[PDB]
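Remarks on the structure that follows.
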Amino acid sequence: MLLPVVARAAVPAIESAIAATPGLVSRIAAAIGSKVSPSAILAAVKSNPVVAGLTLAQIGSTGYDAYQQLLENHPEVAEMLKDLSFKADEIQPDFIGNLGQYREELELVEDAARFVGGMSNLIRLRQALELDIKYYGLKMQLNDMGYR
Amino acid sequence: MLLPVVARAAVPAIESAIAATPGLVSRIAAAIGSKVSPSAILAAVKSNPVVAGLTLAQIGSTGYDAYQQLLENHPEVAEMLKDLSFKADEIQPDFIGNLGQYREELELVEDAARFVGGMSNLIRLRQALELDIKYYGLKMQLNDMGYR
Amino acid sequence: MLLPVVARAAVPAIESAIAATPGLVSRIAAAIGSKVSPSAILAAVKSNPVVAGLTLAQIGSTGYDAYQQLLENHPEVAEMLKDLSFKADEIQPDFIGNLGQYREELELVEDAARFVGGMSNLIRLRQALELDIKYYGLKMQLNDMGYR
Amino acid sequence: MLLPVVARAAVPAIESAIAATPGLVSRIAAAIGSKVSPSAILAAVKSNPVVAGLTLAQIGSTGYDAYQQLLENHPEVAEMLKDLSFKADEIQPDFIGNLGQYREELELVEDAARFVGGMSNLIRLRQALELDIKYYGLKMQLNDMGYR
Amino acid sequence: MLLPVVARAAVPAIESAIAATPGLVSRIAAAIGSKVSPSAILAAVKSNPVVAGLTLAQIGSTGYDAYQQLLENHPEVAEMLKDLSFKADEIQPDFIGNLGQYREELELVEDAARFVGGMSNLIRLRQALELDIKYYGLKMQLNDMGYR
Amino acid sequence: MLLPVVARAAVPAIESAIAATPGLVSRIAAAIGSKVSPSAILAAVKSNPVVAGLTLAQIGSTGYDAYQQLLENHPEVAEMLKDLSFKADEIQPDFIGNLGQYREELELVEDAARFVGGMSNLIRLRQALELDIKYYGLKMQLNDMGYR
Amino acid sequence: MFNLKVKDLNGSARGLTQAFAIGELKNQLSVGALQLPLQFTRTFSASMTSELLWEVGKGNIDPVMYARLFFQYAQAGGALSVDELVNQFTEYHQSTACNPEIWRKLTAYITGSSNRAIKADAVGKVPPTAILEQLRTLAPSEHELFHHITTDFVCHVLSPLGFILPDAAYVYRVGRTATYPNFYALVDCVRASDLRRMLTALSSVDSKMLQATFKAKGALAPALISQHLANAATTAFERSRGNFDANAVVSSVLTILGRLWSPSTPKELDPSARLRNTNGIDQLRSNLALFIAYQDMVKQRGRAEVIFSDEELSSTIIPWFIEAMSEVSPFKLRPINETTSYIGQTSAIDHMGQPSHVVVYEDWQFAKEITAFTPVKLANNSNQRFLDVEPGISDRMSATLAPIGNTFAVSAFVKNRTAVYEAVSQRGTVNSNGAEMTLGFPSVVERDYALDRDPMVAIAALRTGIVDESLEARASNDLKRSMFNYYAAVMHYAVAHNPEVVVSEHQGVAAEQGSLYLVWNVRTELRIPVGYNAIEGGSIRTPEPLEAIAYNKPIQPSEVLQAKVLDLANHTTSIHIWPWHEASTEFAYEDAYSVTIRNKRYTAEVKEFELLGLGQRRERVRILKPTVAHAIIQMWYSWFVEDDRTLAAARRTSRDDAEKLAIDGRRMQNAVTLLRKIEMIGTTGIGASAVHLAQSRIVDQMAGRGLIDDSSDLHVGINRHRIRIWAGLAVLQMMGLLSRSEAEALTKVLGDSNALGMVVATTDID
């Protein structure tokens with residue numbers, strides 16, 4: 001059913017949100033599809049972990065903490081829960097065409113990348129050149145003193 | 001008897017509920033079937049875990065915490081506890097017939113399920129189609145850049 | 001000597017009760033049989049665990065917590081302490097004869113018990129029959145849909 | 001030198017007692033034989049555990065907690081510390097002669113003890129006889145119903 | 001995905017900083033390159049750890065705690081994150097030449113070092129000589145008493 | 001670098017001391033030899049543990065806690081840190097000669113010690129003799145009753 | 001697959017830790033503080049056998065096995081214990097035997113003649129189930145298992161005379177035996193010594209004399225039978241009477257051992273100079289299986305008491321307790337080295353010495369047989385139903401499964417694992433943690449399938465130590481009884497390879513008056529400890545049986561562990577009364593092989609009844625589950641995806657050229673050994689007939705559209721290497737062996753590594 005380790009934190013978290021405002025109680029009753037009465041949904045939470053998760057998605061303010069802790073002790077629901085809760089991210093009309101212009105550009109980076117090494121290196125090497133000149137002098141001088 | 005670990009936390013929870021209102025004291029005395037005096041039931045709680053559980057069912061407000069922790073302390077009382085505490089869930093007159101109409105429908109899902117895979121997959125695949133078109137364009141474009 | 005883990009909690013617990021009212025100080029001095037002075041008994045508590053227990057029996061209000069924790073770290077005294085502290089439970093004049101009438105009755109349950117199984121089963125089976133009829137219909141219908 | 005686990009609790013405990021009243025600072029300086037300055041003794045506490053203990057004996061009010069925790073992590077000092085801190089318990093003039101009268105009496109108990117069993121048994125058996133009569137009736141009746 | 005153990009602490013930490021002042025929201029939106037809306041960046045943090053780090057660099061006041069804990073559970077990002085977040089340390093005009101004068105000097109220490117031993121030794125030996133004379137007398141006297 | 005377990009506690013501890021008074025900021029900048037700016041030293045603390053220690057020596061008020069915890073997770077620096085931070089203890093002019101008089105005396109104790117046993121024994125035996133006489137009577141009497 | 005962090009043992013696996021066994025739920029367990037030296041040279045191991053169908057109806061009595069039926073009926077049946085059972089048996093046996101009528105009334109029925117002699121010719125035949133029907137009314141009981149034992153008693157004395165029909169038959173399944181005694185399994189096996197002396201009296205009645213006097217004289221009254229039975233049944237009633245409580249035989253004799261092991265036993269109660277010298281304690285002193293039993297004893301009772309006379313009486317208890325166990329029983333003493341023989345160990349070593357990962361696995365002999373039965377009711381609303389074995393379905397699969405067998409042997413899995421940790425690990429020490437210890441126990445997952453239980457509650461039983469209550473008691477009773485085997489099976493292993501063991505006494509929290517725990521002396525020759533202990537002296541003393549494993553060198557299992565299938569074939573007629581729907585899997589399958597030929601999609605469906613040669617789809621038949629076969633494959637799947645996961649986890653962070661090429665060197669080399677294995681399954685009898693058909697549904701679907709034929713120089717081969725692979729899953733899918741999910745991920749792994757791409761690359765010359 002529901003892990004006590006989770007449930008310990010979970011139940012009062014939900015109950016707190018309910019006591020905060022009634023407007024959420026009707027919402028979760030709609031999403032989970034449970035009897036609108038606050039006692040009902042609280043009976044459902046204990047029964048199924050999948051249900052417990054959807055509730056904590058409906059209230060993210062105070063509830064985010066327990067949700068993560070629920071996710072820990074239950075890797076099982078993690079896949080299923082991820083699917084049931086989903087929203088299509090609104091895409092910008094310009095986006096896909098706007099990306100089309102960078103085709104020329106990214107292929108240029110990856111030519112520079114392969115040469116240098118991993119992308120991490122090139123980000124470094126870029127800084128080394130952009131770096132102030134004095135530093136090249138500094139390093140030369142430490143080698144002048146016989147430090148390596 | 002009663003294990004001490006349960007006692008440090010469990011004893012004050014009940015005592016608090018008693019001090020809150022007298023009306024519960026008479027109730028638990030009836031359910032557990034113990035002498036109405038608050039000192040009596042408190043002597044019984046320590047003695048048997050099964051008894052301790054029924055008390056915590058009578059008061060769920062403050063008491064729910066210890067109850068769960070009692071589940072961990074004694075496997076046996078909880079096992080014989082689930083039976084002693086039971087209430088017939090009131091059934092709606094419409095329900096069983098109302099379910100009869102979905103016979104046609106669920107058999108349709110399970111035809112679609114088996115084809116795709118586990119129910120988890122079909123919930124995903126359903127979203128993939130319902131998903132906005134631009135995304136299909138987006139993914140095609142990343143493959144155009146040689147990313148995949 | 002008294003173990004520190006206990007003593008840490010024990011000593012201030014007793015001292016608090018003393019500071020609450022003097023009337024207890026005379027009582028514990030009588031029961032433990034120690035010098036009436038509050039400094040004396042507090043010197044005795046540290047010395048012997050058995051003594052420490054009897055004190056915590058005399059004051060159960062604030063003291064019950066430490067007592068249990070004393071009981072944990074000392075299973076040794078547990079037997080001895082249980083004996084030294086005892087009170088004959090007042091028996092009701094009606095009781096033993098009142099029990100005589102149930103001889104006929106309990107032997108009836110145990111005939112029903114053995115048949116069914118453990119007492120736990122019979123408590124269940126009793127509910128199954130007492131249960132509303134619709135449920136028998138419900139379960140039949142799920143089997144009609146091919147669910148096991 | 002002093003283990004941190006102790007020192008963490010120990011140092012502020014002492015420092016608190018110092019800040020409470022100056023009168024203790026002069027006392028501990030005398031007992032430990034350290035420079036009267038509060039900074040000095042605090043430098044000594046960190047240096048030697050044996051010294052740390054004697055300080056916590058001088059102040060028992062707030063300090064008793066750390067002392068026990070010091071005693072845990074250092075079983076070594078436990079012997080030495082017990083010796084350095086000692087006070088002859090004032091004996092009552094009547095006591096030793098007053099004990100002489102019980103010679104006749106205790107030898108009587110130990111004759112009764114050996115017969116019964118361990119002292120724990122005799123304390124029980126004594127109660128069984130002192131116990132009210134009805135109980136003997138009660139137990140006989142349960143055997144009448146065929147319970148054992 | 002971001003590990004929960006981190007995310008638990010991370011999310012409210014960021015959200016707190018946002019609620020503190022709006023001026024940061026625009027900054028992080030610029031650095032991470034995300035939609036200016038506070039809900040957007042909070043959606044990004046959960047998605048990528050690398051992103052989560054850059055945010056916590058932008059706010060160091062309240063956020064430093066989680067950042068380190070992020071760094072623990074993710075040694076992977078540690079390299080990449082270190083590169084993306086970088087600032088050229090302003091160098092003083094005098095510095096490199098000012099260092100040139102110590103060439104003569106440091107070579108003198110390392111002549112003394114090798115002779116004595118590790119640098120740690122020489123720091124000690126230097127103190128031993130600088131030390132007051134009486135101490136040499138003190139140590140001689142303990143040897144006079146036959147102490148070693 | 002500095003281990004997080006330490007750093008978690010260390011960083012805010014230092015930052016708190018800085019916010020308390022500016023006068024320390026200039027001091028630590030002198031001792032560690034770092035840029036006077038509070039942001040600079042805080043950048044140094046994270047970088048090297050040895051540096052982190054010297055800072056916590058400069059502020060002992062609030063900082064002593066973390067320092068010890070730093071010492072735990074880093075036994076390495078423990079040697080090096082002990083050397084870099086040192087102060088010659090001012091010696092009293094009278095001391096060494098004042099010790100010369102006890103030569104005669106201590107050699108007397110060690111003659112008594114060897115005879116008895118370890119020094120711990122002699123401290124006990126000394127008390128046994130100093131102890132009141134009645135006790136010798138008491139013990140004799142318990143043996144008279146046949147107790148050992 | 002079960003992973004534990006050996007550094008923190010308490011948290012990761014509390015089931016196998018010793019701290020749990022003696023009652024410490026809290027973290028603390030005493031160090032090597034106080035000690036006494038000891039050597040365990042013997043143990044009680046159950047004989048190596050698993051459940052078999054045995055039939056109760058026929059006239060024989062085989063006392064050992066009826067005894068075994070009581071174990072199962074009472075214990076796993078949900079009832080309290082076999083002890084309470086047997087007691088209610090001898091109140092039942094006293095009822096009939098000591099009662100003069102009940103032996104007349106049912107000899108009036110079987111002989112037919114109340115008041116007069118019966119001739120020699122006129123002897124009718126009464127079927128065994130008959131007399132049972134009436135004995136039910138005469139001597140009623142709540143346990144049918146008693147009536148069967150009396151019924152086939154009278155059948156045994158009357159068999160020579162021929163008053164009863166032989167033909168009728170009937171059958172039950174005896175249960176599986178725990179390899180090591182739980183505390184109660186001692187108490188049981190002591191009562192079952194009584195019982196076995198009971199039945200050996202009933203069983204041995206010849207009634208040859210009654211057969212002789214019947215022949216010569218020509219006739220005999222019921223007065224001769226009905227006495228001659230009553231003489232037998234009261235010889236058995238003698239032998240029951242006056243045996244000691246098992247509960248107090250053992251409770252004592254595990255205490256008075258427990259006092260001569262523990263070093264700290266107060267002198268106030270010391271086992272005396274005589275009983276210490278008793279014949280037989282010497283041997284029982286050095287025995288292990290008792291010890292871990294003792295640890296259990298105190299775990300529950302919390303205490304102990306010696307009721308029996310500390311001297312005169314307790315020296316006739318032991319010689320009686322020895323004779324109970326020592327005699328042939330399920331438990332037979334063996335030298336300790338042998339009972340752990342099948343466990344084996346291998347480790348992944350750093351450069352210095354110490355473990356990085358160390359694996360412990362149970363070797364297996366894969367079971368190559370399978371049977372398929374069809375259930376047949378006797379009458380509507382009657383549960384008697386008896387199955388018919390059908391050959392020709394089973395001959396297919398067992399000739400299909402036999403090729404699978406050779407190639408999955410367990411040793412080849414770990415021999416593969418350590419080859420992973422060679423490649424993935426950096427060059428540097430492991431100080432960061434104790435070396436994690438992975439342990440394959442195919443027996444665990446195996447027991448989950450025959451009992452139909454979520455693998456997640458089984459594992460999580462070992463981790464936290466407590467059993468979930470949500471499940472019904474039939475599982476928990478076989479779950480805990482299981483979880484105790486592994487605990488025991490661990491310590492027999494640890495002790496076998498570290499003969500030096502030392503017995504302390506735990507009293508830190510003062511939970512019980514008497515307690516015991518071993519501490520091992522193992523000499524590590526390592527610089528840094530794994531787990532946590534001071535590693536001082538060039539030997540480490542570790543209370544945990546797991547840690548004391550980790551310091552072992554590699555061990556090769558000397559004895560294959562043997563699963564064996566339940567056997568339906570032998571007795572066909574007998575009616576099955578045991579539920580067989582637990583061990584039966586439904587058998588049905590559907591699948592579609594899709595290929596794309598010249599820019600279209602062609603899908604060949606296929607059904608299981610076609611694969612088997614059956615022309616029609618028959619619903620009834622049910623494959624009897626291939627558990628141990630599904631156990632192994634389940635293991636080999638989880639270790640495969642685990643490997644292939646851990647590499648692609650390092651492969652990202654490698655940051656080396658020399659090493660990175662060694663990872664992709666591994667994956668590819670792994671995945672194409674994966675595939676050459678599945679292709680090897682495709683040539684099998686089901687694999688064949690799956691292929692022959694799939695190509696044929698694809699052909700006739702292309703009839704309409706004329707398109708050009710292939711080269712098949714390599715194309716016949718390329719197409720061939722692909723279609724086989726899909727047979728390889730189809731055969732695994734249709735039998736239980738591989739679940740549909742994991743079959744998909746196993747395609748995806750073989751999919752992205754482009755294994756097939758590399759397989760063909762060896763069939764061309766350039």
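Protein chains in written order, with the deposited numbering: chain I, 1 to 148; chain E, 1 to 148; chain D, 1 to 148; chain H, 1 to 148; chain F, 1 to 148; chain G, 1 to 148; chain B, 1 to 766. By construction, the Cβ of each residue, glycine as well, lies at the ideal position given by its N, Cα and C atoms.
Is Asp83/D close to chain E? Criterion is C-beta to C-beta, closer than 8 Å. By 1-based counting over the third sequence, the position of residue 83/D is 83. It does not: the Cβ of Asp83/D has no partner Cβ on chain E nearer than 8 Å.
Proximal residues to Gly353/B (C-beta, below 6 Å), its chain only, five neighbours per side dropped: Within the seventh sequence, residue 353/B is the residue found at index 353, counting from 1. Scanning its chain for C-beta atoms nearer than 6 Å, with the 5 sequence neighbours on each side dropped, one finds around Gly353/B the residues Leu526, in chain order.
Taking 8 Å as the threshold, find out whether the region 398-418 of chain B comes into contact with the region 580-587 of chain B through three or more Cβ pairs. When C-beta atoms of the region 398-418 of chain B are compared with those of the region 580-587 of chain B, fewer than three pairs fall below 8 Å, so the two segments do not count as touching.
Please report the distance separating the alpha-carbon of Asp94/F from that of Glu110/I. Stepping through the fifth sequence from its first residue, residue 94/F is reached at position 94. Stepping through the first sequence from its first residue, residue 110/I is reached at position 110. Separation of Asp94/F and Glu110/I (C-alpha to C-alpha, rounded to the nearest whole angstrom) is 40 Å.
With 8 Å as the threshold, decide whether the Cβ of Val11/F is near any Cβ in chain I. Taking the fifth sequence and counting its residues from 1, one reaches residue 11/F at position 11. The beta-carbon of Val11/F is placed less than 8 Å from the nearest beta-carbon of chain I.
Counted within 10 angstroms of its Cβ, other Cβ atoms place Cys98/B as buried (16 or more) or exposed: For the purposes of this step, residue 98/B is taken as the residue at position 98 of the seventh sequence. By the Cβ-count criterion, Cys98/B is exposed, with fewer than 16 other Cβ atoms from all chains shown falling within 10 Å of its own Cβ.
Looking only at C-alpha atoms, which of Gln507/B, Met680/B, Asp350/B, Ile632/B sits nearest to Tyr449/B? As a first step, residue 449/B must be located in the seventh sequence, where it is residue number 449. With distances taken between Cα atoms, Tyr449/B lies closest to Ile632/B.
With DSSP run on the structure shown, which of helix, strand or coil describes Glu107/I? Walking along the first sequence from the start, residue 107/I turns up at place 107. Here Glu107/I sits in helix by DSSP.
Nearest chain I C-beta to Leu138/E closer than 8 Å, yes or no? Position 138 of the second sequence, counted from the first residue, corresponds to residue 138/E. Judged by the 8 Å Cβ criterion, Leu138/E is in contact with chain I.
Can you give, in chain order, each stretch of the beta strand (DSSP E) that sits fully within the region 84-131 of chain D and has at least 3 residues? Listed in chain order, there is nothing to give.
Would you please state the rounded distance, in angstroms, between the beta carbons of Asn73/F and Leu3/F? I believe it to be under 8 Å. Taking the fifth sequence and counting its residues from 1, the one referred to as residue 73/F is at position 73. Taking the fifth sequence and counting its residues from 1, the one referred to as residue 3/F is at position 3. That pair is a contact at about 5 Å.
Could you tell me whether the region 18-28 of chain H touches the region 130-141 of chain E, where touching means 3 or more Cβ pairs closer than 8 Å? No, because fewer than three Cβ pairs between the region 18-28 of chain H and the region 130-141 of chain E fall closer than 8 Å, the two stretches do not touch.
Would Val298/B and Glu512/B qualify as a contact pair, given that the criterion is a beta-carbon distance under 8 Å? What you label residue 298/B is simply residue 298 of the seventh sequence in a count that begins at 1. What you label residue 512/B is simply residue 512 of the seventh sequence in a count that begins at 1. Cβ distance < 8 Å, so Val298/B and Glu512/B count as in contact.
Between residue 852/B and chain D, is the shortest Cβ-Cβ distance under 8 Å, so that the two count as touching? Outside the shown range of chain B (1 to 766) lies residue 852/B, about which nothing can therefore be said.
Among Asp709/B, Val501/B, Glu327/B, whose alpha-carbon lies nearest the alpha-carbon of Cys189/B? Walking along the seventh sequence from the start, residue 189/B turns up at place 189. The candidate whose alpha carbon is nearest that of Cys189/B is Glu327/B.
Residues bridged to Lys607/B by DSSP? Locating residue 607/B in the seventh sequence gives position 607, counting from the first residue. Answer is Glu590/B, bridged to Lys607/B.
Where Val628/B falls, given that 16 or more other Cβ within 10 Å makes a residue buried: As a position in the seventh sequence, residue 628/B is number 628, starting the count at 1. Taking all protein chains in view, the Cβ of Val628/B is crowded by 16 or more other Cβ atoms within 10 Å, so the residue is classified as buried.
Relative to the alpha-carbon of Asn10/B, which residue among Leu451/B, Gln28/B, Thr41/B has its alpha-carbon at the smallest distance? Position 10 of the seventh sequence, counted from the start, is the residue given in the question as residue 10/B. When only C-alpha atoms are compared, the closest one is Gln28/B.
Taking all protein chains shown into account, decide if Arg126/I is buried (16 or more other Cβ within 10 angstroms of its Cβ) or exposed. By one-based count along the first sequence, residue 126/I stands at place 126. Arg126/I is exposed by the Cβ-count criterion.
Mapping the DSSP letters down to three states, classify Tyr135/D as helix, strand or coil. One-based indexing of the third sequence puts residue 135/D at position 135. Three-state result, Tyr135/D: helix.
Measure the C-alpha to C-alpha separation of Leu260/B and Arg303/B and round it to an integer number of angstroms. Translated into positions along the seventh sequence, residue 260/B becomes position 260. Translated into positions along the seventh sequence, residue 303/B becomes position 303. Here the C-alpha atom of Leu260/B lies approximately 16 Å from the C-alpha atom of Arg303/B.
When the cut-off is 8 Å and only beta carbons count, does residue 149/E lie next to chain I? Outside the shown range of chain E, which is 1 to 148, sits residue 149/E, and nothing can be said about it.
Looking at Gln68/E and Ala7/I, is the spacing between their C-beta atoms short of 8 Å? Here residue 7/I is taken as the residue at index 7 of the first sequence, counted from 1. Here residue 68/E is taken as the residue at index 68 of the second sequence, counted from 1. The answer is yes: Cβ separation under 8 Å.
Using beta carbons (cut-off 8 Å, strictly below), is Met80/D in contact with chain E? In the third sequence, the residue the question calls residue 80/D occupies position 80. Chain E, which has no Cβ nearer than 8 Å to the Cβ of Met80/D, makes this no.
Assign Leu479/B to buried or exposed, taking buried as 16 or more other Cβ atoms, counted over all protein chains shown, within 10 Å of its Cβ. Within the seventh sequence, numbered from 1, the residue matching residue 479/B stands at position 479. With 16 or more Cβ atoms within 10 Å of its Cβ, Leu479/B is classed as buried.
Would the region 484-503 of chain B count as touching the region 164-182 of chain B if we require 3 or more Cβ pairs under 8 Å? Cβ pair count under 8 Å is three or more, so yes.
Using a Cβ-Cβ cutoff of less than 6 Å, which residues in the same chain neighbour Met119/I once the five nearest sequence positions on both sides are dropped? Walking along the first sequence from the start, residue 119/I turns up at place 119. Spatial neighbours of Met119/I in its own chain (CB-CB distance under 6 Å, excluding positions within 5 residues in sequence) are listed in chain order as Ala113.
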